[PDB]
Amino acid sequence: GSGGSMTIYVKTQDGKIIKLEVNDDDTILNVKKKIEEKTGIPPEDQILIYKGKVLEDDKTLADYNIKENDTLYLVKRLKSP
């Protein structure tokens, strides 16, 4: 759809699941900006983890072999209230 040709999911620490539309060539920073649009969390305050690996901002989803319907874990950098 309008956000991307592939769907992935983002799991937060409260158990919520966010659906994200992305493309294989999206950088991790671009993914964090999409998450910011859906959450208000600034990109610099997001850590994304896939299968235990912290994802780097300047690499792409394709670099991590992240594919349709995969789940990323979002952890906020700063403890939230």
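Bear in mind the residue numbers are our own, running from 1 along each chain as written, so they may not match the entry, and residues with no coordinates are left out. Each side-chain value is worked out from all heavy atoms of the structure, with water and hydrogens disregarded.

Going by the header, the method for this PDB entry is X-ray crystallography, and the resolution given is 1.39 Å.

Caption draft 1: Spatial organisation of the overall build of the protein chain. Across its full length, the protein chain holds one helix and five strands. Secondary structure follows DSSP: runs of H or I at least 4 residues long count as helices, runs of E at least 2 residues long count as strands, and numbering of each begins at the N terminus. Along the chain direction, N to C, the helices and strands of the protein chain fall in the order β-β-α-β-β-β. With C-alpha atoms as the basis for the radius of gyration, the globule rule is written as 2.2 Å multiplied by the number of residues raised to the power 0.38. Relative to its length of 81 residues, the protein chain is compact, with a C-alpha radius of gyration of 12 Å against a globular reference of 12 Å. The C-alpha extent of the protein chain, read off along each of the three principal axes, is 35 × 25 × 20 Å. The buried share of the protein chain, reckoned over its 81 residues, is 36%. Under the convention used here, a 1.4 Å probe and the Shrake-Rupley method define accessible areas, while residue burial counts only the protein chains that appear. Just so you have it, the protein chain exposes about 5,100 Å², and 48% of that area is on carbon and sulfur atoms. With a 1.4 Å probe rolled over the protein chains alone, any residue whose accessible area is under 20% of its type maximum counts as buried; one over 50% counts as exposed, and the rest are partly exposed.

Caption draft 2: How the structure looks around the pattern of salt bridges. Every case where a carboxyl oxygen of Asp or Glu lies within 4 Å of a side-chain nitrogen of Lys or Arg is listed as a salt bridge. For the structure shown, the criterion picks out four salt bridges. Between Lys34 and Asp26 there is a salt bridge; the shortest N-O distance is 3.6 Å. In this structure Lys34 comes out as buried when scored by relative accessible area, which is 18%. Given the relative accessible area of 7%, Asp26 is considered buried. Here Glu56 makes a salt bridge to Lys59, at a shortest N to O gap of 4.0 Å. Since its relative accessible area comes to 34%, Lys59 is described here as partly exposed.

Caption draft 3: Structural detail: the pairing of strand β3 (residues 46-50). Along β3, the buried face is formed by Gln46, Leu48 and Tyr50; none of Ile47 and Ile49, which line the opposite face, is buried. Paired strands, as defined in this entry, are two strands with at least two bridges between them according to DSSP. With four bridges connecting them, β3 and strand β5 (residues 71-76) associate as antiparallel partners. Residue pairing across strands places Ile47 opposite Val75, the latter belonging to β5. Sheet analysis places β3 next to strand β4 (residues 53-54), joined by two bridges and oriented antiparallel. Looking across to β4, one finds that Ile49 is bridged to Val54. Between β3 and β4, which pair antiparallel and follow one another directly, the connecting turn spans two residues, one of which, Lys51, has a positive phi of 50°.

Caption draft 4: Geometry of the side chain of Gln46. Assignment of secondary structure puts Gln46 in strand β3. Of the residues examined, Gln46 reaches a relative accessible area of 0% and is grouped as buried. Residue contacts are defined here by distance: any two heavy atoms, one from each residue, within 4.5 Å place the two residues in contact. Beyond its immediate stretch of four places on either side in the chain, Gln46 contacts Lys32, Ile35, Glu36, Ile41, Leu74, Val75 and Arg77.

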